[PDB]
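Chemist: Before I ask anything, here is the structure I am working with.
Just so it is clear, none of the values below were taken in a lab; they were calculated from the coordinates. Counting neighbours? That spans all protein chains shown, and the Cβs are built from the backbone with ideal geometry, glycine included.
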Amino acid sequence: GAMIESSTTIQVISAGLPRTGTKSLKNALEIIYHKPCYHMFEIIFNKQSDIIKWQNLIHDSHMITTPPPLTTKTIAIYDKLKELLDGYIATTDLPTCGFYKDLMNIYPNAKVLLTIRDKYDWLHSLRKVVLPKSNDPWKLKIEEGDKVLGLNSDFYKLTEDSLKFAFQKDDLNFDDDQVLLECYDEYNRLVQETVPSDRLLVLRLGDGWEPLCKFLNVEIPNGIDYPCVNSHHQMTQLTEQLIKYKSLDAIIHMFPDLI
Ligand SMILES: Nc1ncnc2c1ncn2[C@@H]1O[C@H](COP(=O)(O)O)[C@@H](OP(=O)(O)O)[C@H]1O
Ligand SMILES: O=[N+]([O-])c1cc(N[C@@H]2CCN(Cc3c[nH]c4ccccc34)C2)ccc1CO
């Protein structure tokens, strides 16, 4: 196809939860659009200064009134969210995914994605990487690797609070598998009931380029396979190598495309 000059604004809002292929999707959107896509890894590796900004936004989010019409308080919150996303062409992952409805209002010309997978595979992946049970010995290893990356209690608070915001819960028993599974199913159901279907594409892991590129009116990138990164096995290796070498820069060359 012809090359056209794309606007550097949010063009794709992905509502999928962590551990549903968000990093591969992030990489895929950056291959298509040649501009950055938001993701929790953007915060971890490029923009830890954003942690407090996302925390402030979640803290004030209860004041949003779903538009239309637009209230004064909502505009103030939307302005901060637009500021956080300046320079990006898409959003994925926590902490953005719980804001998908508000992002749809801020960027009316953006298309919406929902990545989904088997709920038990999701939970298993979540427990290995993002939300290990309190008494899981592996939690201590993740925390040791987190410290190497400069991630402290404020990051943990953002993870918890942005998950609670996505699930619309005032509090959450993070150690209760049944609660998480029910929140997952309810979240994915609500996305599909909220987003007009002409504006939504549901992607399952393994769908690859074709449905995505058709939805976005772009050509399939020539000779580039659809990304497959961020398996829990690979994250486990990253945690162990962070613990072994005690720096990211000692090992980053060992983790292409993930970092
Ligand atoms: N192209 C692809 N095909 C199949 N699974 C994929 C994939 N890209 C990512 N995944 C899976 O999506 C999960 C990562 O999602 P996220 O990037 O949102 O954290 C991992 O699951 P597992 O941990 O079960 O391996 C990863 O293996
Ligand atoms: O938030 N996400 O969705 C998320 C978190 C992380 N990385 C972090 C690794 C360490 N954190 C796990 C953890 C260890 N102790 C805790 C105590 C309380 C709460 C959590 C923890 C999460 C990586 C990716 C993602 C999405 O891409």
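Chemist: Quick one: work out the % antiparallel among DSSP beta bridges in the chain, nearest 5.
Modeler: Values: 0 of 12 bridges.
Around 0 percent antiparallel, to the nearest 5.
Chemist: Which whole-Hz ³J(HN,Hα) couplings does segment 197-214 yield from phi under the Karplus relation 6.51 cos²θ - 1.76 cosθ + 1.60, θ = phi - 60°, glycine and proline marked x?
Modeler: 4, 5, 9, 10, 10, 8, 10, 9, 4, x, 5, x, 5, 4, x, 4, 5, 5
Chemist: List the GluC sites (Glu not before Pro) in segment 1-76 that DSSP assigns to loop (not H, G, I, E or B) and whose Cβ has at most 16 other Cβ atoms within 10 Å. Which are they?
Modeler: Answer by residue number: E5.
Chemist: Which translational diffusion coefficient, to the nearest whole µm²/s, is obtained for segment 168-207 from the Stokes-Einstein equation, given a Kirkwood hydrodynamic radius over C-alpha pairs, 37 °C and 0.692 mPa s? Let's see the in-between values first.
Modeler: Details: Rh = 12.0 Å.
Diffusion coefficient, whole number: 274 µm²/s.
Chemist: Could you please rank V130, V12, placing first whichever residue has the fewest other Cβ atoms within 10 Å of its Cβ? Numbers along the way, then the final one.
Modeler: Details: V130 17, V12 25.
The most exposed by this proxy come first: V130, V12.
Chemist: For segment 76-182, state the semi-axes of the equivalent ellipsoid (square roots of 5 times the eigenvalues of the alpha-carbon gyration tensor), sorted largest first and rounded to whole angstrom.
Modeler: For segment 76-182, the semi-axes come out at 27, 18, 13 Å.
Chemist: Moving on to the next point. Could you list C183, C37 so that the one with the fewest beta carbons within 10 Å of its beta carbon is first and the one with the most is last?
Modeler: Numbers: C183 19, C37 27.
Ascending Cβ contact count within 10 Å gives the list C183, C37.
Chemist: So, one more: In which sequence would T8, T159 go, from the one with the fewest C-beta neighbours within 10 Å to the one with the most? Walk me through the intermediate numbers first.
Modeler: Values: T8 14, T159 19.
Ranking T8, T159 by Cβ neighbours within 10 Å, fewest first, gives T8, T159.
Chemist: Quick check: the distance between the Cα centres of segment 150-215 and segment 26-60, to the nearest angstrom?
Modeler: One Cα centre to the other: 16 Å.
Chemist: What number results when the radius of gyration of the chain, computed over Cα atoms, is divided by 2.2 N^0.38 Å? Let's see the in-between values first.
Modeler: Numbers: Rg = 18.0 Å, N = 259, 2.2 N^0.38 = 18.2 Å.
Against the empirical 2.2 N^0.38 Å value, I get 0.99 for the chain.
Chemist: Taking H placed 1.01 Å from N in the peptide plane, check which residues at least 5 places from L201 or on another chain put their amide H under 5 Å from its amide H.
Modeler: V112, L113, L114
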